[PDB]
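No Cβ is skipped: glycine too gets one built from the backbone with ideal geometry, and neighbour counts run over all protein chains shown. Nothing in this text is a laboratory measurement; each read-out follows from the coordinates by a stated rule.
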Amino acid sequence: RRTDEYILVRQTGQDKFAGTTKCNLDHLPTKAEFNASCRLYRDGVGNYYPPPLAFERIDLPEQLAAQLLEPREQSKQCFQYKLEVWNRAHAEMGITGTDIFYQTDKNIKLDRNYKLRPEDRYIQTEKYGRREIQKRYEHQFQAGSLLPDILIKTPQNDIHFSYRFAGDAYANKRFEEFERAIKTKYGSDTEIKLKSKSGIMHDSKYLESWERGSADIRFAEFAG
């Protein structure tokens, strides 16, 4: 097992957050602490998934989805299939607060493509502009739908968090420059994650292996 297979994130302010990596925890968190945090799970390339996405990243069989029409019993049969995969993973990681945080915000109605209306798909920060999201959750912090743009994880597994804004210290500067100043400050083994609209924090090198310059595209976009 990896020492950084999860990170526990907490809110400490208006648009302010702190994280601790599994191996840096000074105590064994209770189920309450586990359930109040945003829990980030490391996948096979060092992307980090918050709970409702780590859970839905499990997948269902073709012949099982066609045969299923109903509606609300539709939510209960999908859940029991993934719950056994999920439970078996939490047990191995030692996590006792295993809430998923899938519950949707029920004041919000979808358009015919089963997606958010444009007026419902933004979070407002106090100082940093708006950010687009994929889904409206009843528990927005725990679901991962409230994190900053940038997660830095140093060689000691310490977490630093950052927001871009229009005209900040890196305005019209390239991701690779930010990257070089990060590894100068922290060590060249430092990891940088860049947040997806879903809440996923994709590792910067994973993004570049997918398409050269993707890390930079995502970095620029946070600042408009």
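Below, the figures for the structure above:
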{"item": "Top positive-direction residue, dipole computed over the range 43-147 with Cβ charges, set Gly144, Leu60, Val85", "result": "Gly144"}
{"item": "Fraction of the pair-distance distribution of the chain above 20 Å, Cα-Cα pairs, percent", "result": "63"}
{"item": "For the range 149-214: rounded, prolate or oblate by the Cα gyration tensor [a/c cutoff 1.5]", "result": "rounded"}
{"item": "Shape call, the range 139-186: gyration tensor on alpha carbons, a/c limit 1.5", "result": "oblate"}
{"item": "Chymotrypsin sites (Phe, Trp or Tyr not before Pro) within the range 85-141, DSSP loop, no more than 12 other Cβ atoms inside 10 Å", "result": "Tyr114"}
{"item": "Fraction of the pair-distance distribution of the range 64-191 above 23 Å, Cα-Cα pairs, percent", "result": "57"}
{"item": "Distance from the range 60-82 to the range 4-45 (C-alpha centre basis), Å", "result": "31"}
